[PDB]
There are 6 protein chains.
Amino acid sequence: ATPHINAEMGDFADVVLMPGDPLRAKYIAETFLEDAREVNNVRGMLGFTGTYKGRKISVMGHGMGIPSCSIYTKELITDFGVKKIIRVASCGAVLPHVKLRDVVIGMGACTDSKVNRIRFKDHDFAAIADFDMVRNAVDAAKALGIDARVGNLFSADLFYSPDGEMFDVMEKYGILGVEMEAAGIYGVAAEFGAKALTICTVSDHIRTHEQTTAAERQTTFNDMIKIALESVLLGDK
Amino acid sequence: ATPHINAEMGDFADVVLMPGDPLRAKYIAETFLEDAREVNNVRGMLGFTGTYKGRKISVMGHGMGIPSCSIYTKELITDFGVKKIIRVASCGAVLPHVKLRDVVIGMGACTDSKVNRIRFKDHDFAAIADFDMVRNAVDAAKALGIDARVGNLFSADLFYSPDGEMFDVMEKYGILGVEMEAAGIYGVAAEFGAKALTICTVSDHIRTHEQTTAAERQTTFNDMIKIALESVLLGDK
Amino acid sequence: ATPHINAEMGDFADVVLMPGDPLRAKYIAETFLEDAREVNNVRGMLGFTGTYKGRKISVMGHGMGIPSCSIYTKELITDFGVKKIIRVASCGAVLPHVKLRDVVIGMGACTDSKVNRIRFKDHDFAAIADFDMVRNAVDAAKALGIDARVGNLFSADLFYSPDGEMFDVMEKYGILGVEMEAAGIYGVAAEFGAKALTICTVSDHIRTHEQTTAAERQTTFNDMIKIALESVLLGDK
Amino acid sequence: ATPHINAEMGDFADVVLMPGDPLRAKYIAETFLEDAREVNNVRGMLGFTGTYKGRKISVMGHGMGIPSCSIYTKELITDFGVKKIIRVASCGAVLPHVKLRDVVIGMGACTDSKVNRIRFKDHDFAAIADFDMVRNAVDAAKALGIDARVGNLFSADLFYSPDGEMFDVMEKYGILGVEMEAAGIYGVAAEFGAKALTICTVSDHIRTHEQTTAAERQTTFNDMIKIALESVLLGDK
Amino acid sequence: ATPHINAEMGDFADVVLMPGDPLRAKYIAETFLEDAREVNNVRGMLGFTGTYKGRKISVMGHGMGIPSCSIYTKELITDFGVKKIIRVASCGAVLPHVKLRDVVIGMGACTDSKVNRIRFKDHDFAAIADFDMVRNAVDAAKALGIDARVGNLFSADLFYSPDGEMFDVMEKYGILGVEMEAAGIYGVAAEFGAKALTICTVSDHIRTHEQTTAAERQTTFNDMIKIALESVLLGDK
Amino acid sequence: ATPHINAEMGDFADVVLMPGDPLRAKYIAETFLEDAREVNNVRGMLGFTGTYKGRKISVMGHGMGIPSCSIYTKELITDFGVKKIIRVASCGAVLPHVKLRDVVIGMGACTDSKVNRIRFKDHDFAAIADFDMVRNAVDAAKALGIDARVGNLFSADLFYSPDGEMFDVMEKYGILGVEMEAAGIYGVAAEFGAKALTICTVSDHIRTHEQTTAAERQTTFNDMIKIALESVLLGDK
Ligand SMILES: Nc1ncnc2c([C@@H]3O[C@H](CO)[C@@H](O)[C@H]3O)n[nH]c12
Ligand SMILES: Nc1ncnc2c([C@@H]3O[C@H](CO)[C@@H](O)[C@H]3O)n[nH]c12
Ligand SMILES: Nc1ncnc2c([C@@H]3O[C@H](CO)[C@@H](O)[C@H]3O)n[nH]c12
Ligand SMILES: Nc1ncnc2c([C@@H]3O[C@H](CO)[C@@H](O)[C@H]3O)n[nH]c12
Ligand SMILES: Nc1ncnc2c([C@@H]3O[C@H](CO)[C@@H](O)[C@H]3O)n[nH]c12
Ligand SMILES: Nc1ncnc2c([C@@H]3O[C@H](CO)[C@@H](O)[C@H]3O)n[nH]c12
């Protein structure tokens, strides 16, 4: 066991899908995995392992923010033999042409967190996904007939930002979605020697204030999950 | 309701105790509150409202890290009329004279997060508790026969730090405990005009294994909760 | 002797009161202390040691700014056995509910100096006073019929700041008074393991500009010194 | 004409290959392009336009360093209708398993330059290539039977770095090649609304001190050029 | 009058000499100036105005540190028509070829203060003296048979720095003397459109520690003042 | 030979004039030097060595930007015995009183580059010229009947700045000219123990179009070169 996960080596698959919400992890396990068993509930951070089309797969929540997801991803990598992390989540859009429920794939993640500066002697670390994983997700999406944009996410420390003008800067630089984890997960993957990808569904628009409900985010982002799961199968081949 | 809390105005008391673990919020409500009812379960972040010695009190988890607790504390203050937040958590010690099971009260919180620099034009914001709340907690501890230590916490973004050298720096400058939230909560309190306090119990020494028993650790945890609750009664008058 | 203090161990009390204006030290010695003796004259920074109600107390100016007061406070702590420093000064106010002649006690001190970032590996050190000293001052004021406000000061490097907009930021975050020393003194206290407190009287309101009499100013200054001295006696118990 | 390019709209193809060395641009034009004509020689920064397998293509030097290449790429984008920039260059390796003449494709570029912080309100901008361009280069390489790694480059401001320890940090974080332009080109592409990719050939090893000569770099990195040119043809389809 | 100078326009010459130690102002006035009159006494910072070989000159201490000298130099320039400020002080040396009692002229001043970053949008402002003033001082020294070294000073915020290794960095980059004011004075001069120069005599060698006589110190101090005064006359032509 | 210069020790004089444009290095050699021979052509960065009034002198382009000129200046100093570098360039003006065709001598150079912070432990290094070289240039200009202005340059990383607000800041703090190299050259000179100076002619006003003729601009450029060359002769004695 690790300080935040009460499980043993072998309980997790070598690939783990991770939404922020543990209730969404539960939904994914019930809806997409066969013979799913619960493998963690420490701090209510539910994790499950089962199979998808014969392939062993785990799904576990990571909580909100870089510090939360950094703990869970680290522990999975160092103590549970996890090789790939696929974050499956929600984000807010800043671009006019990005719509609710659009799927975005974060090949890179910008951030206002200090965690990567702490790692990288206060220089600019480009927090990037694993290329093969990105390509796998793009291909899986195309096969499912689901549109997906590939580009930069922005991982925010403050959901309620006191700097509204920064959204104009994100928009200027083509940021596809604002979320709170990607740059941290990519930093952990680099630090601890694993591979990661973040896929998000646009759950709200930062400009229009249109948004999905809590229940919607928990149990209604299915296209993203299919993309993630099918992308793993492509990577296996 | 807010995006992260499915409740309405009035469902929370004007004071909320907040552990990081939602299962610990349930623990506190069941152990210390009468007539407690669950008032939130979005993302599994359990919140409850009940009475302590006739006084309406809420308790709700905040999750791990500054970005997680910043979401919940902001929402409680701006949308649920909450006037006081008391974080009740665990911390690690760096000072040799600070022992396992000491109760630490964070009058200030240092941090390696960028959130307060973002708020404060890249200058140094001293993230501080409300003085009257600190005084109420110190007095409640004294009434219970406990000598709390009052000083600085350090709120870390990385539980698994790559630095390591920073622990010697914390020790040099007298930091009493290392946790992951206080500086963020204090920043939110200042930004939105409310009051906050963090109390922690020392759960480990970034150092040896000083060795206690489960019964003793659990007793001290309960003492921290009693301190928090009694401090509210003192503040009321 | 030290580079800036021509005295020997024992010449200073373990508690030193420090005004910014060196002329105030002699005034304090003659007005409040019994049997005062001169203990320093280097650079005209006169220092005196005497008793207040039998308790050994010293007084010496600190000069304007963090670098000046950092020199004197360091030397006092490391070479003269000083345990407590109480800065007694003036500040400017940014909050409209904070009035001329109000007494402000700096439990914390924000700053635009780099000195604490230099100490603390470029992270945020919360520059804080000693809690008991804060509470002693509050209690001493109350006994004198004075209601002190306790909160954050802002310690400026530039009295004449080219960033006028920073005062609005200070106001938003609840800064009680603007001065030029507290964060530096608190940083030295932490670095060398001693205790400090800054008490200020509001001499100006930054935005507007109202007026006061010389007699009103002396009365208020005397009140602050009385608070400081009585607070020491409470600290001794 | 622009301040650093004496040409007119239409003189450049919508895709420009750019090595740092203008003499290499000359070599590429002579060796790979048909009917090549020189279109710029301001400051000796040679640029040419011709065809590759019927496709109009330009090649022009960009000079050494972020500030130099930022000028040329900006001007091409804003005044010459250039849609894609493919940097074709050299880099130094830090990883043990990366060998001389290996081809590396920079999906991302880390940097110690301040240029992207200036663009991005002092936050972390992940300087990334266009995904389709990366995928095109990977596919072209596979078709040519040439191995290519995809990952992060590091764009240095100082070729002669006073901080040798930073190479250990680059190695730790899996940096594939150290060069001096990629992060700047990616920043310009984002700022001015175009697409970019950097492909490099390992010309020296920072640890082993093995290196290619000046003449070698100028006229002997042919596999990289074929990859770049063939990748354009794939993008056209 | 200004907040720190109780004088009116015309009371100060257009050139002011400023030692750090306020006691030195009266010494300079009595020793070098004719017909001196007292023009300030606020906070014991005595100021005087007289003539040297018929030329109107003022002298007043500036206190220790950038924040102190920044207050006085600003007020002198904006409210008293002062055109030139010459700081005359002491410094510590890090270069072994720089000896006790050497005269150093700061054409530039490095710093670890944040004041110039605050002025200059967080970029690097090169804090420099006025060139003619530098050359005047060099020429005045030469006429007196003194060979002054001209180069960079380092203006420290912390006389007691916790970063001992910075002295090695200063040595490597050719810093001639360490003091606490020059960069601040040069920043004020640029901000308010005036001219400044810092001249220092080496009082200590940071690494080692050799000795000197009181008589040697006064001789060297007098030499520095003579250089400063004669340099003004050269500047007038 | 070095990686960027194909020459051997002795091929360069101990003083090298450096324009940004290699074609301008050829211009200078042909116009002002006798018996000039080309000594470098790697990357088209032409360098030449000849005599001026019997004195051995070299001239070689440095390319645009701090990173480019830092490579060439370092190599000249460490591998070719070069003792003095004189950059001879163009700059843009921000001050209304600084006119087209003024000759500006950079005693200091401000910058938005990070290179000197990397050298100097993230503090402010005042990037300065060699005093004797500045004095020699001023004297040579006077002998030729030109009044050079001596002050700060600003060395920009982005010729095409997204800021724009920074030009007002430069004007406020008295910057004489904006170019792209001086601060980097001065940093290299300090790091490797040599001497440097930057002289520029004002080619544009970041402001209007003041309007000159080609003949007049070219005359002033030649005057700058004459100043540089004659200054060397003065330095020799
Ligand atoms: N507009 C927005 N801003 C920031 N984060 C989010 C999210 C994601 O959802 C959580 C906050 O609601 C957190 O995990 C974040 O990654 N959805 N919409 C967002
Ligand atoms: N040594 C330590 N370091 C960081 N955080 C913690 C904690 C707290 O527990 C959580 C991480 O386990 C987080 O909420 C933090 O505040 N206990 N001990 C800690
Ligand atoms: N509005 C203001 N801003 C900055 N400092 C002060 C002070 C104090 O007075 C001194 C400057 O006049 C300095 O020691 C500072 O702490 N009073 N009012 C102030
Ligand atoms: N070890 C190394 N470090 C930095 N840059 C380079 C290069 C590239 O070559 C140029 C410097 O030689 C410059 O354009 C840079 O991008 N090759 N090898 C390099
Ligand atoms: N080694 C040293 N470090 C810092 N400052 C000084 C000084 C000057 O003396 C004062 C501190 O003693 C201050 O004004 C500073 O400019 N002399 N020697 C010094
Ligand atoms: N307004 C301006 N801004 C930046 N650089 C320059 C220059 C110089 O010319 C080059 C850019 O054209 C570069 O070497 C720089 O130093 N002239 N005018 C300039």
Side-chain angles (χ1 to χ4, degrees), chain D residues 3-4 19-26 41-46 61-75 77-78 90 92 111-115 117-120 155-163 166 180-181 184 187-188 191-192 203-204 211-215 217-218, chain F residues 1-6 19-26 40-46 61-75 77-78 90 111-121 155-163 166 179-181 184 187-188 191-192 203-204:
Chain D
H4 304 84
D21 178 3
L23 302 183
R24 196 189 309 157
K26 183 181 197 279
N41 188 40
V42 172
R43 294 171 177 265
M45 199 55 70
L46 293 169
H62 61 52
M64 301 189 292
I66 285 166
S68 180
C69 68
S70 295
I71 284 162
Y72 292 111
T73 54
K74 186 276 184 191
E75 297 183 4
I77 293 165
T78 62
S90 64
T111 188
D112 56 13
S113 172
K114 241 171 74 170
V115 301
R117 294 192 189 178
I118 289 168
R119 287 175 173 117
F120 211 60
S155 305
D157 266 357
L158 295 178
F159 183 96
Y160 295 107
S161 179
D163 183 11
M166 186 62 196
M180 299 175 60
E181 291 92 13
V188 165
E191 179 178 350
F192 295 91
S203 65
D204 59 283
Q211 49 214 57
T212 59
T213 70
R217 297 158 203 224
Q218 182 180 322
Chain F
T2 59
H4 307 91
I5 305 176
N6 187 21
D21 176 4
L23 298 185
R24 200 52 73 169
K26 189 168 186 303
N40 184 53
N41 61 2
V42 174
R43 292 170 178 267
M45 197 60 70
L46 305 178
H62 62 53
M64 298 185 294
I66 281 168
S68 179
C69 70
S70 299
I71 283 171
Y72 294 109
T73 54
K74 184 276 183 191
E75 292 182 8
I77 293 158
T78 66
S90 65
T111 188
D112 54 11
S113 171
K114 235 171 75 169
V115 298
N116 292 332
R117 292 192 189 177
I118 288 170
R119 289 182 172 108
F120 210 60
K121 290 253 273 165
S155 304
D157 263 2
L158 296 173
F159 184 91
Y160 295 108
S161 183
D163 197 335
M166 194 58 202
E179 44 82 75
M180 296 182 69
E181 291 89 9
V188 164
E191 183 178 358
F192 297 96
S203 68
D204 73 276

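To find a chain, count down the sequence lines: A is the first, B the second, and so on, and within it residues start at 1.
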Spacing of F/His62 atom NE2 and D/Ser68 atom OG [to the nearest 0.5 Å]: 11.5 Å
Distance from F/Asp112 atom CG to D/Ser113 atom OG, nearest 0.5 Å? 8.5 Å
Engaged part of F/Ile71 at the chain D interface, taking heavy atoms whose separation is under 4.5 Å: both
Chain F shares the most heavy-atom pairs under 4.5 Å, among D/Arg24, D/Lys26, D/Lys74, with D/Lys74
Going by heavy atoms in the side chains, are F/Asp157 and D/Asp157 under 4.5 Å from each other? yes
Are the side chains of F/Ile66 and D/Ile66 in touch, meaning some heavy atoms are under 4.5 Å apart? no
Salt bridge (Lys or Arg N to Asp or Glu O under 4.0 Å) filter on D/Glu75, not counting sequence neighbours, yields none
If I take atom CZ from residue D/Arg117 and atom NZ from residue F/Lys114, how far apart are they, to the nearest 0.5 angstrom? 4.0 Å
Please list, chain by chain and in numerical order, all residues satisfying salt bridge (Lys or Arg N to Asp or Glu O under 4.0 Å) with D/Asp163, sequence neighbours excluded. A/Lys121
Are side-chain heavy atoms of D/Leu158 and F/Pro67 found at a separation under 4.5 Å? no
Locate the shortest heavy-atom distance separating D/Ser90 from F/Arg43; write the atom from each residue and the value. OG-NH2, 4.3 Å
Separation between CE (D/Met180) and OG (F/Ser70), nearest 0.5 Å, reads 7.5 Å
With side-chain contact (heavy atoms from CB on, under 4.5 Å) as the criterion, how do D/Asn41 and F/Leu23 come out once you've worked through the C-alpha distance, each side chain's angles and the decisive distance to 0.1 Å? CA-CA 10 Å; D/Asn41 188 40; F/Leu23 298 185; 4.2 Å; yes
Kindly indicate whether the side chain of D/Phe159, heavy atoms from C-beta on, has any atom under 4.5 Å from the side chain of F/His4. yes
Between F/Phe120 and chain D, with a heavy-atom cut-off of 4.5 Å, which part of the residue counts as in contact: side chain, backbone, both or neither? neither
In Å and rounded to the nearest 0.5 Å, what is the OG1 to OH distance from F/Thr73 to D/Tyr160? 10.5 Å
Least distance between heavy atoms, D/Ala214 atom then F/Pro3 atom: CB-O, 4.3 Å
Heavy-atom closest contact (D/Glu191 atom, F/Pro162 atom, distance): OE2-CB, 3.7 Å
